[PDB]
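Since the structure comes first, as structure tokens, the remarks are kept for the end.
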Amino acid sequence: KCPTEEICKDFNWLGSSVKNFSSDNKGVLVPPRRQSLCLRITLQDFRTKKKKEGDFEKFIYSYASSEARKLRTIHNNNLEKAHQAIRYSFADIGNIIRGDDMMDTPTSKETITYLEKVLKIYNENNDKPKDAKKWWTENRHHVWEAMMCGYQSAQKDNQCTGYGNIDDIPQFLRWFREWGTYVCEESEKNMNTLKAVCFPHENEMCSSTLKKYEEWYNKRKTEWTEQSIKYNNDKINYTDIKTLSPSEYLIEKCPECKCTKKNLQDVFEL
Ligand SMILES: [Cl-]
Ligand SMILES: [Cl-]
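Okay, structure coming up:
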């Protein structure tokens, strides 16, 4: 159930631009949604928001709220896809605030330093958080509330949801799943279009369609290859996915995905 009005009144797939993209984060691709995430804290924002207690936090909540409003605007006729994008952005905001977001950008680098300086000036003696990880733990509920408020303002939706444990899932795994939610859907649809055209002049239709299908396949196959590198490199440290292939991970462990052996494994894993 959505936050009250009281609470609410107070508020493509890019291979480059990743920290350590040739090393630890080799193979990581940035979701378009992440590339576009609405959140930026400049020196000037810090300078002015720090003058009133709660204002720096409020500025962050406003960004989270606006990100969610934007996402619902984009996914206006699909509540599920809207809510999942919101969860993903929520989680990324979490990594940004905690200073371990993978994007190589100023906001990803500077947000934590700005936040923690504001926490130092106000929370030196009152037992409130002095570091960003503790802050996230105590305030993520507020962040989500702002997103739910923001989500509601798009089209007066009265249907909110929780975020489960999305912020506790390693960022690269979330981004891979998100890629999964787009591609397995494309894969299902493109298979059906192919079958309907080629196996229901209709010959020029089939060749044309088969051409476009191969192109879609090449693009995703390249992306599939890169992310598999990162997944296979990193799965060792997670006891509960270490024996899974990247196919099996998306098929079995991604409830938002709708990936199957037919639309994923047989298509990209040869
Ligand atoms: Cl197609
Ligand atoms: Cl995990």
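In case it helps, the authors' numbering puts the sequence shown at residues 161 to 171, 186 to 374, 388 to 457.
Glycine included, every Cβ here is placed at the ideal spot set by N, Cα and C.
Simplified DSSP state of residue i, which is helix, strand or coil
i      : result
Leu451 : helix
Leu203 : coil
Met392 : helix
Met365 : helix
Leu437 : helix
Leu188 : strand
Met277 : strand
Alpha-carbon spacing of residue i relative to residue j, whole angstroms
i      : j      : result
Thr164 : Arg348 : 30 angstroms
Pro374 : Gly354 : 28 angstroms
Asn194 : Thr222 : 33 angstroms
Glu290 : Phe233 : 14 angstroms
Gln333 : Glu389 : 45 angstroms
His249 : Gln329 : 11 angstroms
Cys212 : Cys372 : 43 angstroms
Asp278 : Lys429 : 28 angstroms
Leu188 : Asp342 : 24 angstroms
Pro344 : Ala238 : 20 angstroms
Residue i versus the options, residue with shortest Cα-Cα distance
i      : options                           : result
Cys168 : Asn364, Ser282 and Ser236         : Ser236
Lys308 : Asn299, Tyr404, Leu293 and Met322 : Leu293
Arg272 : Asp278, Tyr262, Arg261 and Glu284 : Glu284
8 angstroms contact criterion, which residue i and residue j should meet: CB distance rounded
i      : j      : result
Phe350 : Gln414 : 5 angstroms
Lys417 : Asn251 : With a Cβ gap of about 33 angstroms, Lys417 and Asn251 do not count as contacting.
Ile286 : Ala265 : Not quite, the Cβ-Cβ distance comes to about 16 angstroms (not below 8 angstroms), so this is no contact.
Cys323 : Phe171 : 5 angstroms
* Asked: Just checking, does the segment 344-363 make contact with the segment 444-457 on the three C-beta pairs under 8 angstroms criterion?
  -> yes
* Sufficient close CB pairs (3 or more, under 8 angstroms) joining the segment 240-252 to the segment 299-316 -> no
* Hey, is the segment 252-267 in contact with the segment 334-343, meaning 3+ C-beta pairs nearer than 8 angstroms? -> yes
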